[PDB]
file work_15.cif (mmCIF, N, CA and C atoms)
data_run
loop_
_atom_site.group_PDB
_atom_site.id
_atom_site.type_symbol
_atom_site.label_atom_id
_atom_site.label_comp_id
_atom_site.auth_asym_id
_atom_site.auth_seq_id
_atom_site.Cartn_x
_atom_site.Cartn_y
_atom_site.Cartn_z
ATOM 1 N N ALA A 2 57.776 120.104 127.905
ATOM 2 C CA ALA A 2 58.821 119.085 127.669
ATOM 3 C C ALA A 2 58.765 118.504 126.256
ATOM 4 N N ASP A 3 59.920 118.218 125.655
ATOM 5 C CA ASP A 3 60.057 117.586 124.336
ATOM 6 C C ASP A 3 61.418 116.886 124.195
ATOM 7 N N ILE A 4 61.551 115.982 123.224
ATOM 8 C CA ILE A 4 62.820 115.332 122.877
ATOM 9 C C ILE A 4 63.705 116.336 122.130
ATOM 10 N N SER A 5 64.725 116.885 122.785
ATOM 11 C CA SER A 5 65.725 117.752 122.149
ATOM 12 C C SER A 5 66.728 116.949 121.315
ATOM 13 N N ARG A 6 67.528 117.589 120.460
ATOM 14 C CA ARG A 6 68.582 116.876 119.719
ATOM 15 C C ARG A 6 69.636 116.293 120.656
ATOM 16 N N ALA A 7 69.940 116.960 121.757
ATOM 17 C CA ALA A 7 70.791 116.415 122.801
ATOM 18 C C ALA A 7 70.219 115.140 123.446
ATOM 19 N N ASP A 8 68.904 115.030 123.623
ATOM 20 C CA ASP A 8 68.270 113.819 124.155
ATOM 21 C C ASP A 8 68.348 112.629 123.206
ATOM 22 N N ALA A 9 68.307 112.858 121.896
ATOM 23 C CA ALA A 9 68.353 111.824 120.865
ATOM 24 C C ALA A 9 69.733 111.647 120.215
ATOM 25 N N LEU A 10 70.774 112.304 120.719
ATOM 26 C CA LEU A 10 72.124 112.308 120.154
ATOM 27 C C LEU A 10 72.703 110.905 119.931
ATOM 28 N N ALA A 11 72.441 109.969 120.845
ATOM 29 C CA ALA A 11 72.876 108.584 120.732
ATOM 30 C C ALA A 11 72.201 107.785 119.603
ATOM 31 N N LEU A 12 71.063 108.228 119.077
ATOM 32 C CA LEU A 12 70.302 107.530 118.041
ATOM 33 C C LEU A 12 70.679 107.979 116.628
ATOM 34 N N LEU A 13 71.387 109.091 116.474
ATOM 35 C CA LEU A 13 71.628 109.692 115.172
ATOM 36 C C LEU A 13 72.525 108.819 114.298
ATOM 37 N N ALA A 14 72.129 108.632 113.046
ATOM 38 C CA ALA A 14 72.913 107.929 112.047
ATOM 39 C C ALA A 14 74.260 108.621 111.791
ATOM 40 N N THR A 15 75.227 107.864 111.286
ATOM 41 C CA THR A 15 76.520 108.363 110.808
ATOM 42 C C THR A 15 76.639 108.073 109.321
ATOM 43 N N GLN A 16 77.394 108.906 108.630
ATOM 44 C CA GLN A 16 77.829 108.655 107.270
ATOM 45 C C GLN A 16 79.317 108.946 107.190
ATOM 46 N N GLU A 17 80.011 108.199 106.356
ATOM 47 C CA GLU A 17 81.422 108.386 106.092
ATOM 48 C C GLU A 17 81.625 108.503 104.587
ATOM 49 N N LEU A 18 82.491 109.413 104.151
ATOM 50 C CA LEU A 18 82.791 109.620 102.741
ATOM 51 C C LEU A 18 83.379 108.335 102.141
ATOM 52 N N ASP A 19 82.982 107.993 100.920
ATOM 53 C CA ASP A 19 83.321 106.718 100.270
ATOM 54 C C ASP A 19 84.784 106.596 99.806
ATOM 55 N N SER A 20 85.574 107.665 99.852
ATOM 56 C CA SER A 20 86.905 107.777 99.254
ATOM 57 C C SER A 20 87.776 108.790 99.997
ATOM 58 N N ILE A 21 89.097 108.652 99.918
ATOM 59 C CA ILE A 21 90.050 109.539 100.590
ATOM 60 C C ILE A 21 90.318 110.786 99.752
ATOM 61 N N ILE A 22 90.401 111.949 100.399
ATOM 62 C CA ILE A 22 90.896 113.204 99.823
ATOM 63 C C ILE A 22 92.426 113.191 99.832
ATOM 64 N N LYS A 23 93.053 113.319 98.670
ATOM 65 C CA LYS A 23 94.505 113.257 98.451
ATOM 66 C C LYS A 23 94.907 114.127 97.251
ATOM 67 N N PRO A 24 96.159 114.597 97.165
ATOM 68 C CA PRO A 24 96.653 115.251 95.965
ATOM 69 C C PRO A 24 96.846 114.249 94.821
ATOM 70 N N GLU A 25 96.984 114.745 93.600
ATOM 71 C CA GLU A 25 97.387 113.931 92.453
ATOM 72 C C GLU A 25 98.846 113.466 92.584
ATOM 73 N N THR A 26 99.187 112.339 91.964
ATOM 74 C CA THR A 26 100.536 111.748 91.983
ATOM 75 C C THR A 26 101.233 111.880 90.630
ATOM 76 N N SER A 27 102.560 111.949 90.609
ATOM 77 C CA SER A 27 103.353 111.970 89.368
ATOM 78 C C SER A 27 104.627 111.132 89.472
ATOM 79 N N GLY A 28 105.097 110.626 88.331
ATOM 80 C CA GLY A 28 106.330 109.843 88.211
ATOM 81 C C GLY A 28 107.578 110.712 88.085
ATOM 82 N N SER A 29 108.763 110.117 88.231
ATOM 83 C CA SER A 29 110.046 110.831 88.163
ATOM 84 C C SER A 29 110.157 111.659 86.886
ATOM 85 N N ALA A 30 110.626 112.895 86.978
ATOM 86 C CA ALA A 30 110.986 113.647 85.785
ATOM 87 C C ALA A 30 112.145 112.980 85.026
ATOM 88 N N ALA A 31 113.067 112.311 85.722
ATOM 89 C CA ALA A 31 114.189 111.639 85.093
ATOM 90 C C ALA A 31 113.752 110.527 84.124
ATOM 91 N N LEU A 32 112.943 109.558 84.562
ATOM 92 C CA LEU A 32 112.479 108.481 83.681
ATOM 93 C C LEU A 32 111.592 108.991 82.545
ATOM 94 N N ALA A 33 110.892 110.105 82.747
ATOM 95 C CA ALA A 33 110.107 110.733 81.694
ATOM 96 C C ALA A 33 110.997 111.390 80.627
ATOM 97 N N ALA A 34 112.071 112.068 81.025
ATOM 98 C CA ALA A 34 112.911 112.850 80.127
ATOM 99 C C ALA A 34 113.947 112.038 79.341
ATOM 100 N N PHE A 35 114.704 111.183 80.025
ATOM 101 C CA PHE A 35 115.947 110.599 79.525
ATOM 102 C C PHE A 35 115.747 109.227 78.882
ATOM 103 N N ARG A 36 116.607 108.857 77.930
ATOM 104 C CA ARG A 36 116.610 107.498 77.387
ATOM 105 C C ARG A 36 117.016 106.509 78.474
ATOM 106 N N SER A 37 116.462 105.306 78.438
ATOM 107 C CA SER A 37 116.857 104.246 79.355
ATOM 108 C C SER A 37 117.112 102.926 78.655
ATOM 109 N N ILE A 38 118.028 102.138 79.197
ATOM 110 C CA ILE A 38 118.337 100.793 78.715
ATOM 111 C C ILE A 38 117.961 99.761 79.767
ATOM 112 N N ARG A 39 117.512 98.587 79.337
ATOM 113 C CA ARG A 39 117.448 97.416 80.205
ATOM 114 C C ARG A 39 118.867 96.948 80.502
ATOM 115 N N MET A 40 119.242 96.933 81.771
ATOM 116 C CA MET A 40 120.503 96.356 82.220
ATOM 117 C C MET A 40 120.260 94.904 82.621
ATOM 118 N N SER A 41 121.053 93.970 82.118
ATOM 119 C CA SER A 41 121.015 92.563 82.528
ATOM 120 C C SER A 41 122.134 92.178 83.508
ATOM 121 N N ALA A 42 123.069 93.082 83.815
ATOM 122 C CA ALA A 42 124.341 92.725 84.456
ATOM 123 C C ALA A 42 124.710 93.460 85.761
ATOM 124 N N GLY A 43 123.986 94.492 86.178
ATOM 125 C CA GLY A 43 124.348 95.307 87.352
ATOM 126 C C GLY A 43 125.425 96.366 87.093
ATOM 127 N N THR A 44 126.205 96.236 86.023
ATOM 128 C CA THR A 44 127.059 97.288 85.470
ATOM 129 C C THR A 44 127.087 97.186 83.952
ATOM 130 N N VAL A 45 126.996 98.310 83.244
ATOM 131 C CA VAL A 45 127.260 98.391 81.800
ATOM 132 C C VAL A 45 128.521 99.208 81.591
ATOM 133 N N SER A 46 129.429 98.758 80.736
ATOM 134 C CA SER A 46 130.630 99.516 80.364
ATOM 135 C C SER A 46 130.401 100.296 79.073
ATOM 136 N N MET A 47 130.815 101.556 79.074
ATOM 137 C CA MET A 47 130.544 102.530 78.021
ATOM 138 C C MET A 47 131.868 103.098 77.488
ATOM 139 N N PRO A 48 132.230 102.896 76.213
ATOM 140 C CA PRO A 48 133.406 103.515 75.615
ATOM 141 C C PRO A 48 133.124 104.949 75.151
ATOM 142 N N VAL A 49 133.973 105.885 75.548
ATOM 143 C CA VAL A 49 133.887 107.315 75.240
ATOM 144 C C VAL A 49 135.135 107.764 74.482
ATOM 145 N N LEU A 50 134.988 108.431 73.338
ATOM 146 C CA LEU A 50 136.104 109.058 72.629
ATOM 147 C C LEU A 50 136.737 110.146 73.497
ATOM 148 N N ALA A 51 138.050 110.111 73.693
ATOM 149 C CA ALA A 51 138.741 110.970 74.648
ATOM 150 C C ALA A 51 139.648 112.025 73.999
ATOM 151 N N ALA A 52 140.240 111.761 72.832
ATOM 152 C CA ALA A 52 141.144 112.701 72.168
ATOM 153 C C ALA A 52 141.081 112.587 70.643
ATOM 154 N N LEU B 53 61.975 108.151 131.010
ATOM 155 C CA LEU B 53 60.673 107.687 130.747
ATOM 156 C C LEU B 53 59.665 108.784 130.545
ATOM 157 N N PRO B 54 58.612 108.574 129.767
ATOM 158 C CA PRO B 54 57.539 109.533 129.654
ATOM 159 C C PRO B 54 56.622 109.557 130.846
ATOM 160 N N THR B 55 55.728 110.481 130.927
ATOM 161 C CA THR B 55 54.749 110.713 131.918
ATOM 162 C C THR B 55 53.410 111.053 131.332
ATOM 163 N N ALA B 56 52.378 110.212 131.520
ATOM 164 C CA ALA B 56 51.011 110.438 130.989
ATOM 165 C C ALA B 56 50.135 111.033 132.092
ATOM 166 N N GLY B 57 49.033 111.706 131.736
ATOM 167 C CA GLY B 57 48.078 112.285 132.704
ATOM 168 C C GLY B 57 46.648 112.030 132.270
ATOM 169 N N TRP B 58 45.722 111.843 133.218
ATOM 170 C CA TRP B 58 44.286 111.595 132.918
ATOM 171 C C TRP B 58 43.674 112.866 132.322
ATOM 172 N N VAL B 59 42.777 112.755 131.327
ATOM 173 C CA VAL B 59 42.174 113.901 130.662
ATOM 174 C C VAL B 59 40.668 113.700 130.604
ATOM 175 N N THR B 60 39.924 114.780 130.817
ATOM 176 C CA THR B 60 38.475 114.750 130.723
ATOM 177 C C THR B 60 38.034 115.098 129.304
ATOM 178 N N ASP B 61 36.743 114.893 129.031
ATOM 179 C CA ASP B 61 36.180 115.146 127.709
ATOM 180 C C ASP B 61 34.884 115.942 127.792
ATOM 181 N N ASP B 62 34.649 116.635 128.902
ATOM 182 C CA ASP B 62 33.347 117.248 129.134
ATOM 183 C C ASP B 62 33.207 118.567 128.388
ATOM 184 N N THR B 63 34.104 119.510 128.650
ATOM 185 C CA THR B 63 33.996 120.837 128.068
ATOM 186 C C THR B 63 35.382 121.427 127.880
ATOM 187 N N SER B 64 35.559 122.161 126.787
ATOM 188 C CA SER B 64 36.765 122.949 126.626
ATOM 189 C C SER B 64 36.841 123.989 127.738
ATOM 190 N N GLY B 65 38.013 124.601 127.875
ATOM 191 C CA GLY B 65 38.242 125.560 128.931
ATOM 192 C C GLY B 65 38.605 124.961 130.268
ATOM 193 N N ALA B 66 38.256 123.705 130.517
ATOM 194 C CA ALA B 66 38.701 123.023 131.722
ATOM 195 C C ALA B 66 40.153 122.598 131.556
ATOM 196 N N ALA B 67 40.973 122.872 132.569
ATOM 197 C CA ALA B 67 42.383 122.517 132.479
ATOM 198 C C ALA B 67 42.579 121.010 132.414
ATOM 199 N N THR B 68 41.716 120.243 133.082
ATOM 200 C CA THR B 68 41.856 118.794 133.083
ATOM 201 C C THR B 68 41.660 118.185 131.705
ATOM 202 N N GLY B 69 41.230 118.964 130.720
ATOM 203 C CA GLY B 69 40.990 118.440 129.394
ATOM 204 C C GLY B 69 42.161 118.497 128.450
ATOM 205 N N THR B 70 43.242 119.122 128.764
ATOM 206 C CA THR B 70 44.410 119.339 127.999
ATOM 207 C C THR B 70 45.400 118.214 128.139
ATOM 208 N N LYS B 71 45.801 117.555 127.113
ATOM 209 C CA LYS B 71 46.739 116.508 127.075
ATOM 210 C C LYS B 71 48.101 116.987 127.514
ATOM 211 N N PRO B 72 48.820 116.283 128.381
ATOM 212 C CA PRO B 72 50.141 116.695 128.792
ATOM 213 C C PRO B 72 51.221 116.371 127.799
ATOM 214 N N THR B 73 52.398 116.952 127.980
ATOM 215 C CA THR B 73 53.593 116.647 127.179
ATOM 216 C C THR B 73 54.701 116.093 128.060
ATOM 217 N N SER B 74 55.521 115.216 127.497
ATOM 218 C CA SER B 74 56.660 114.606 128.171
ATOM 219 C C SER B 74 57.744 114.226 127.167
ATOM 220 N N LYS B 75 58.942 113.913 127.653
ATOM 221 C CA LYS B 75 60.094 113.545 126.829
ATOM 222 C C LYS B 75 60.635 112.168 127.187
ATOM 223 N N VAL B 76 61.316 111.578 126.225
ATOM 224 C CA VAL B 76 62.175 110.405 126.361
ATOM 225 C C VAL B 76 63.587 110.870 126.047
ATOM 226 N N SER B 77 64.603 110.300 126.672
ATOM 227 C CA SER B 77 65.990 110.621 126.337
ATOM 228 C C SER B 77 66.871 109.391 126.417
ATOM 229 N N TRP B 78 68.028 109.461 125.771
ATOM 230 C CA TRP B 78 69.015 108.401 125.724
ATOM 231 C C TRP B 78 70.406 108.953 126.014
ATOM 232 N N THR B 79 71.352 108.067 126.273
ATOM 233 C CA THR B 79 72.788 108.340 126.363
ATOM 234 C C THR B 79 73.548 107.294 125.560
ATOM 235 N N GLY B 80 74.804 107.567 125.224
ATOM 236 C CA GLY B 80 75.687 106.641 124.523
ATOM 237 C C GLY B 80 76.819 106.151 125.418
ATOM 238 N N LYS B 81 77.236 104.900 125.243
ATOM 239 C CA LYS B 81 78.417 104.282 125.705
ATOM 240 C C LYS B 81 79.123 103.510 124.624
ATOM 241 N N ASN B 82 80.261 102.952 124.863
ATOM 242 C CA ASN B 82 81.148 102.304 123.979
ATOM 243 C C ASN B 82 81.489 100.888 124.349
ATOM 244 N N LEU B 83 81.467 99.961 123.398
ATOM 245 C CA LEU B 83 82.126 98.660 123.500
ATOM 246 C C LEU B 83 83.424 98.761 122.719
ATOM 247 N N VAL B 84 84.540 98.537 123.400
ATOM 248 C CA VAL B 84 85.894 98.647 122.856
ATOM 249 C C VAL B 84 86.555 97.276 122.872
ATOM 250 N N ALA B 85 86.968 96.769 121.719
ATOM 251 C CA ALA B 85 87.612 95.468 121.605
ATOM 252 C C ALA B 85 89.077 95.509 122.033
ATOM 253 N N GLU B 86 89.492 94.498 122.773
ATOM 254 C CA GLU B 86 90.830 94.293 123.299
ATOM 255 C C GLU B 86 91.287 92.874 122.987
ATOM 256 N N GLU B 87 92.591 92.643 122.987
ATOM 257 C CA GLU B 87 93.201 91.446 122.433
ATOM 258 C C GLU B 87 93.909 90.611 123.500
ATOM 259 N N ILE B 88 93.585 89.318 123.511
ATOM 260 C CA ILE B 88 94.250 88.270 124.283
ATOM 261 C C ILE B 88 95.016 87.402 123.283
ATOM 262 N N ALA B 89 96.301 87.171 123.519
ATOM 263 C CA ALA B 89 97.157 86.458 122.597
ATOM 264 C C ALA B 89 98.193 85.614 123.322
ATOM 265 N N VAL B 90 98.683 84.579 122.660
ATOM 266 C CA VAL B 90 99.703 83.705 123.097
ATOM 267 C C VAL B 90 100.398 82.995 121.972
ATOM 268 N N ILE B 91 101.717 82.848 122.035
ATOM 269 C CA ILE B 91 102.512 82.083 121.075
ATOM 270 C C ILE B 91 103.062 80.836 121.772
ATOM 271 N N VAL B 92 102.917 79.670 121.148
ATOM 272 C CA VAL B 92 103.319 78.370 121.536
ATOM 273 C C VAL B 92 104.391 77.821 120.632
ATOM 274 N N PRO B 93 105.673 77.814 120.991
ATOM 275 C CA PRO B 93 106.708 77.219 120.178
ATOM 276 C C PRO B 93 106.946 75.756 120.402
ATOM 277 N N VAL B 94 107.391 75.027 119.433
ATOM 278 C CA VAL B 94 107.686 73.645 119.418
ATOM 279 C C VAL B 94 108.626 73.267 118.311
ATOM 280 N N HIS B 95 109.474 72.313 118.467
ATOM 281 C CA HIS B 95 110.358 71.768 117.515
ATOM 282 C C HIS B 95 109.620 71.073 116.401
ATOM 283 N N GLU B 96 110.103 71.163 115.163
ATOM 284 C CA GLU B 96 109.508 70.491 114.000
ATOM 285 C C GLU B 96 109.483 68.965 114.140
ATOM 286 N N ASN B 97 110.534 68.356 114.684
ATOM 287 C CA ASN B 97 110.667 66.978 114.951
ATOM 288 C C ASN B 97 109.622 66.499 115.917
ATOM 289 N N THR B 98 109.356 67.241 116.938
ATOM 290 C CA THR B 98 108.351 67.019 117.901
ATOM 291 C C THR B 98 107.005 66.833 117.261
ATOM 292 N N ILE B 99 106.633 67.717 116.337
ATOM 293 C CA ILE B 99 105.368 67.586 115.613
ATOM 294 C C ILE B 99 105.395 66.352 114.719
ATOM 295 N N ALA B 100 106.506 66.102 114.037
ATOM 296 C CA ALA B 100 106.677 65.030 113.135
ATOM 297 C C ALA B 100 106.594 63.686 113.810
ATOM 298 N N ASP B 101 107.218 63.535 114.985
ATOM 299 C CA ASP B 101 107.315 62.226 115.690
ATOM 300 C C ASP B 101 106.041 61.926 116.482
ATOM 301 N N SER B 102 105.375 62.935 117.049
ATOM 302 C CA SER B 102 104.190 62.722 117.924
ATOM 303 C C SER B 102 103.062 62.039 117.149
ATOM 304 N N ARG B 103 102.435 61.009 117.727
ATOM 305 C CA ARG B 103 101.276 60.313 117.102
ATOM 306 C C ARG B 103 100.117 61.305 117.014
#
call {"tool": "encode", "arguments": {"input": "work_15.cif", "output": "structure tokens"}}
result
Amino acid sequence: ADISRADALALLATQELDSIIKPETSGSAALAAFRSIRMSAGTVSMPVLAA
Amino acid sequence: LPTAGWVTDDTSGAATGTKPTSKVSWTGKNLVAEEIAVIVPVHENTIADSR
């Protein structure tokens, strides 16, 4: 007779990884590529040459 | 629980001189937390007026 690992299973320590496994993150390609303006009004009016 | 046996010290080769072997074992159970809750409504005036 001896203490098997099954007999001592309730005594065994646990460890948990300190950090989450996740993919890398990235921002919009649009805000990276294009010029942007601060809008103060909820609409900006833009004049375009037509003819 | 373990089990011990009496042992002699007279001469080797006697079976009574050999120390026995035994095991201890354990099991696991769980304490699981559960929630008791209650909400008590009252009028603001009620709190304000009560001494």
call {"tool": "residues_around", "arguments": {"input": "work_15.cif", "residues": "residue 76 of chain B", "least_positions_apart": "2", "cutoff": "6.5 Å", "atoms": "all atoms listed in the file", "output": "list in words"}}
result
residues 3, 4 and 8 of chain A; 53, 54, 74 and 78 of chain B
call {"tool": "resolve_selection", "arguments": {"input": "work_15.cif", "expression": "the PyMOL selection byres ((chain A and name CA) within 12 of (chain B and name CA))", "output": "ChimeraX atom specification"}}
result
/A:2-13
call {"tool": "residues_near_point", "arguments": {"input": "work_15.cif", "point": "(46.7, 115.3, 127.7)", "cutoff": "7 Å", "atoms": "only N, CA and C atoms", "output": "PyMOL selection string"}}
result
chain B and resi 57-59+69-73
call {"tool": "write_last_selection", "arguments": {"input": "work_15.cif", "atoms": "N, CA and C atoms", "output": "PDB file, keeping the file's coordinate frame"}}
result
ATOM      1  N   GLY B  57      49.033 111.706 131.736  1.00  0.00           N
ATOM      2  CA  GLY B  57      48.078 112.285 132.704  1.00  0.00           C
ATOM      3  C   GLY B  57      46.648 112.030 132.270  1.00  0.00           C
ATOM      4  N   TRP B  58      45.722 111.843 133.218  1.00  0.00           N
ATOM      5  CA  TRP B  58      44.286 111.595 132.918  1.00  0.00           C
ATOM      6  C   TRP B  58      43.674 112.866 132.322  1.00  0.00           C
ATOM      7  N   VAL B  59      42.777 112.755 131.327  1.00  0.00           N
ATOM      8  CA  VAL B  59      42.174 113.901 130.662  1.00  0.00           C
ATOM      9  C   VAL B  59      40.668 113.700 130.604  1.00  0.00           C
ATOM     10  N   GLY B  69      41.230 118.964 130.720  1.00  0.00           N
ATOM     11  CA  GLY B  69      40.990 118.440 129.394  1.00  0.00           C
ATOM     12  C   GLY B  69      42.161 118.497 128.450  1.00  0.00           C
ATOM     13  N   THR B  70      43.242 119.122 128.764  1.00  0.00           N
ATOM     14  CA  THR B  70      44.410 119.339 127.999  1.00  0.00           C
ATOM     15  C   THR B  70      45.400 118.214 128.139  1.00  0.00           C
ATOM     16  N   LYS B  71      45.801 117.555 127.113  1.00  0.00           N
ATOM     17  CA  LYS B  71      46.739 116.508 127.075  1.00  0.00           C
ATOM     18  C   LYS B  71      48.101 116.987 127.514  1.00  0.00           C
ATOM     19  N   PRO B  72      48.820 116.283 128.381  1.00  0.00           N
ATOM     20  CA  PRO B  72      50.141 116.695 128.792  1.00  0.00           C
ATOM     21  C   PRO B  72      51.221 116.371 127.799  1.00  0.00           C
ATOM     22  N   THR B  73      52.398 116.952 127.980  1.00  0.00           N
ATOM     23  CA  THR B  73      53.593 116.647 127.179  1.00  0.00           C
ATOM     24  C   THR B  73      54.701 116.093 128.060  1.00  0.00           C
TER      25      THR B  73
END
call {"tool": "select_by_dssp", "arguments": {"input": "work_15.cif", "residues": "segment 60-99 of chain B", "states": "alpha helix (DSSP H)", "output": "MDAnalysis selection string"}}
result
chainID B and resid 96:99
call {"tool": "atom_distance", "arguments": {"input": "work_15.cif", "atom1": "atom C of residue 29 of chain A", "atom2": "atom CA of residue 45 of chain A"}}
result
22.2 Å
call {"tool": "atom_distance", "arguments": {"input": "work_15.cif", "atom1": "atom C of residue 15 of chain A", "atom2": "atom N of residue 88 of chain B"}}
result
29.0 Å
call {"tool": "axis_aligned_box", "arguments": {"input": "work_15.cif", "around": "segment 6-25 of chain A", "padding_each_side": "8 Å", "output": "AutoDock Vina command-line options"}}
result
--center_x 83.2 --center_y 112.1 --center_z 108.3 --size_x 47.3 --size_y 27.0 --size_z 47.7
call {"tool": "atom_distance", "arguments": {"input": "work_15.cif", "atom1": "atom CA of residue 14 of chain A", "atom2": "atom CA of residue 83 of chain B"}}
result
17.4 Å
call {"tool": "build_atoms", "arguments": {"input": "work_15.cif", "residues": "segment 30-45 of chain A", "atoms": "N, CA, C and O atoms", "output": "CSV table (one decimal), in the frame of the given file"}}
result
chain,number,residue,atom,x,y,z
A,30,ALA,N,110.6,112.9,87.0
A,30,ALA,CA,111.0,113.6,85.8
A,30,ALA,C,112.1,113.0,85.0
A,30,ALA,O,112.2,113.0,83.8
A,31,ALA,N,113.1,112.3,85.7
A,31,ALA,CA,114.2,111.6,85.1
A,31,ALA,C,113.8,110.5,84.1
A,31,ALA,O,114.1,110.6,82.9
A,32,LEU,N,112.9,109.6,84.6
A,32,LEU,CA,112.5,108.5,83.7
A,32,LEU,C,111.6,109.0,82.5
A,32,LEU,O,111.5,108.4,81.5
A,33,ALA,N,110.9,110.1,82.7
A,33,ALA,CA,110.1,110.7,81.7
A,33,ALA,C,111.0,111.4,80.6
A,33,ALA,O,110.7,111.3,79.4
A,34,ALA,N,112.1,112.1,81.0
A,34,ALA,CA,112.9,112.8,80.1
A,34,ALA,C,113.9,112.0,79.3
A,34,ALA,O,114.1,112.2,78.1
A,35,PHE,N,114.7,111.2,80.0
A,35,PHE,CA,115.9,110.6,79.5
A,35,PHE,C,115.7,109.2,78.9
A,35,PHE,O,114.8,108.5,79.2
A,36,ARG,N,116.6,108.9,77.9
A,36,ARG,CA,116.6,107.5,77.4
A,36,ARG,C,117.0,106.5,78.5
A,36,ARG,O,117.8,106.8,79.3
A,37,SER,N,116.5,105.3,78.4
A,37,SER,CA,116.9,104.2,79.4
A,37,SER,C,117.1,102.9,78.7
A,37,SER,O,116.5,102.6,77.6
A,38,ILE,N,118.0,102.1,79.2
A,38,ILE,CA,118.3,100.8,78.7
A,38,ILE,C,118.0,99.8,79.8
A,38,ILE,O,118.1,100.0,81.0
A,39,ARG,N,117.5,98.6,79.3
A,39,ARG,CA,117.4,97.4,80.2
A,39,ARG,C,118.9,96.9,80.5
A,39,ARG,O,119.6,96.6,79.6
A,40,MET,N,119.2,96.9,81.8
A,40,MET,CA,120.5,96.4,82.2
A,40,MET,C,120.3,94.9,82.6
A,40,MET,O,119.4,94.6,83.4
A,41,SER,N,121.1,94.0,82.1
A,41,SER,CA,121.0,92.6,82.5
A,41,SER,C,122.1,92.2,83.5
A,41,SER,O,122.1,91.1,84.0
A,42,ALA,N,123.1,93.1,83.8
A,42,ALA,CA,124.3,92.7,84.5
A,42,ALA,C,124.7,93.5,85.8
A,42,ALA,O,125.7,93.1,86.4
A,43,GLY,N,124.0,94.5,86.2
A,43,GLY,CA,124.3,95.3,87.4
A,43,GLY,C,125.4,96.4,87.1
A,43,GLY,O,125.5,97.4,87.8
A,44,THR,N,126.2,96.2,86.0
A,44,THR,CA,127.1,97.3,85.5
A,44,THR,C,127.1,97.2,84.0
A,44,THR,O,127.2,96.1,83.4
A,45,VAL,N,127.0,98.3,83.2
A,45,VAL,CA,127.3,98.4,81.8
A,45,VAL,C,128.5,99.2,81.6
A,45,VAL,O,128.7,100.3,82.2
